[PDB]
Amino acid sequence: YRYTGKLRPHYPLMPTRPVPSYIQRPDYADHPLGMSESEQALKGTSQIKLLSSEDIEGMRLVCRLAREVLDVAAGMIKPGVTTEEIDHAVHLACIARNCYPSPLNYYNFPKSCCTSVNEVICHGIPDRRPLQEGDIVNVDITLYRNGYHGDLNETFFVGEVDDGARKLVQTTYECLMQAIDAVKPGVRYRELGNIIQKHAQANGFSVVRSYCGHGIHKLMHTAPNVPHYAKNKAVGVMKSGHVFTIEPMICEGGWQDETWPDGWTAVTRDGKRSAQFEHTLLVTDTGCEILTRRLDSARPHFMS
Ligand SMILES: CCC[C@@H](C)[C@H](N)P(=O)(O)O
Ligand SMILES: [Co+2]
Ligand SMILES: [Co+2]
Ligand SMILES: [K+]
């Protein structure tokens, strides 16, 4: 394999971390290939669940717990700390909140969160590489509690970073918040990508095409599919009671991605940096509720 940039995987990984049997497990947890029967059954379906009131309480709960776990990870970001150390902490923090770490064994993903450094777009595997001053790193947290998944992510600076990194991370966050601002009943899911790409393009960045935002509730990834790029073909109209993510990935260079031999790590084909933010959203009668919002600050961690 020809790597696209400077980053390399740092193996071996520590043995897979056990989740005590008292934690309730999603279906794929114990599938040999990590397939989710429940996801697949609804795979290809266009129909969007309307959450009930107990569904909404369940989503509120797991999304706030996910946020707490992301906040634990945010506090560990500094030069010299390995992404595997961050995942260890994340794994324990999930267990402490009586949650299963959703990524763990999801289609055989081997860790409890995704860590995506520099040219890694998304789904990076926590490993033995120490974070380097200058890096940008995304941590993506997904928790499962009482049948519901909650999903968020932020990009972080590792010590001092350069102007290009400041600008890419800020712009990515602005892309996300502009899209969120547009969310309310009657808006087409396909419109969000027009908004995201307009802002990215204005700032000289490109928009990843192969990964999308998604419905989420009892299933981690379900209808709707939500592209982040302009003139997409996404199907569906927003309605009060829909829950879904928006998680744009924006890049310094070109939009094209490819996958490492690990089957998960998505990287820019050109080796230039990519940043991402993600919230889980509930559409309400007036707009939407950011279920994974940071409660104890107005702002994401990079703005500290
Ligand atoms: C290993 C899968 C991790 C997934 C589910 C991420 N949380 P996302 O849905 O790509 O944001
Ligand atoms: Co995520
Ligand atoms: Co997601
Ligand atoms: K990245």
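Position 1 is the first residue of the sequence; numbering continues from there. Counting starts at 1 for both ligands and their atoms, following the listed order.
- Ion pairing of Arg97 with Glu68 is present here, as a side-chain N (NZ or NE/NH1/NH2) and a carboxylate O approach within less than 4.0 Å.
- Geometrically, ligand 1 and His214 share a nitrogen or oxygen pair separated by less than 3.5 Å.
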Apply salt bridge (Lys or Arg N to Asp or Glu O under 4.0 Å) to residues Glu39 and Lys218 and explain how you reach the verdict. CA-CA 9 Å; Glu39 284 189 0; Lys218 294 195 139 148; over 6 Å; no

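- Remark: ligand 1 atoms within the under-4.0 Å shell around heavy atoms of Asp151 are 7 (N), 8 (P), 9 (O), 11 (O).
- The Co ion (ligand 3) has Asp151 OD2, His214 NE2, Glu247 OE2, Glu278 OE2 as its protein N, O or S neighbours under 2.8 Å.
- Below 30°, between 30° and 60°, or above 60°: for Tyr173 and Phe277 the angle between ring planes is above 60°, a perpendicular geometry.
- The pair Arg273-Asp135 fails the salt-bridge criterion, with no side-chain N (NZ, NE, NH1 or NH2) lying under 4.0 Å from an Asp/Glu carboxylate O.
- Contact annotation: the side chain of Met238 never approaches that of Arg188 to less than 4.5 Å [non-hydrogen atoms, C-beta and beyond].
- We find that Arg67 and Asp71 are joined by a salt bridge, their nearest charged nitrogen and carboxylate oxygen being less than 4.0 Å apart.
- Scanning all protein heavy atoms for the shortest distance to atom 11 (O) of ligand 1 gives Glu247 OE1, 2.5 Å.
- In this structure, atom 10 (O) of ligand 1 lies nearest to the protein heavy atom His123 NE2, 2.6 Å.
- Under a 4.0 angstrom heavy-atom cut-off, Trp264 registers as being in contact with ligand 1.
- Counting only protein N, O or S atoms, 4 lie closer than 3.4 Å to the K ion (ligand 4).
- Of all atoms in ligand 1, numbered sequentially from 1 with element shown, those under 4.0 Å from a heavy atom of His221 are 5 (C), 8 (P), 9 (O).
- Counting only heavy atoms from C-beta outward, the side chains of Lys272 and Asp270 approach each other to under 4.5 Å.
- Between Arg209 and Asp257, none of the side-chain N atoms (NZ, or NE/NH1/NH2) sits under 4.0 Å from a carboxylate O, so this pair counts as no salt bridge.
- Here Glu258 pairs with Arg269 in a salt bridge; the nearest charged N to carboxylate O distance falls below 4.0 Å.
- Listed by number with element, the atoms of ligand 1 under 4.0 angstrom from any heavy atom of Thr142 are 7 (N).
- Residue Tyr106 has no nitrogen or oxygen atom sitting less than 3.5 Å from a nitrogen or oxygen atom of ligand 1, judged on distance alone.
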How far apart are the C-alpha atoms of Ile246 and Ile180, what are their side-chain angles, what is the distance that settles it, and do they pass the side chain to side chain contact (heavy atoms under 4.5 Å, CB included) test? CA-CA 8 Å; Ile246 305 171; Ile180 290 178; 4.2 Å; yes

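- At least one heavy atom of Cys114 sits closer than 4.0 Å to an atom of ligand 1.
- Taking a cut-off of under 4.0 Å to the non-hydrogen atoms of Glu278, the atoms of ligand 1 that pass are 11 (O).
- Atom 6 (C) of ligand 1 has as its closest protein heavy atom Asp140 OD2, 3.6 Å.
- Here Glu37 does not pair with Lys43 in a salt bridge; the nearest charged N to carboxylate O distance is not below 4.0 Å.
- Ring-plane geometry between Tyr144 and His149 is classed as tilted, the angle between the planes lying from 30 to 60 degrees on a 0 to 90 degree scale.
- Under the 4.0 Å criterion applied to side-chain N and carboxylate O atoms, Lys111 and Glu84 are assigned as salt-bridge partners.
- For the pair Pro227/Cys212, a side-chain contact is recorded, criterion being any heavy-atom separation below 4.5 Å from C-beta on.
- For the side-chain contact (heavy atoms from CB on, under 4.5 Å) with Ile56, the lone residue among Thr284, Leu282, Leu61 that qualifies is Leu282.
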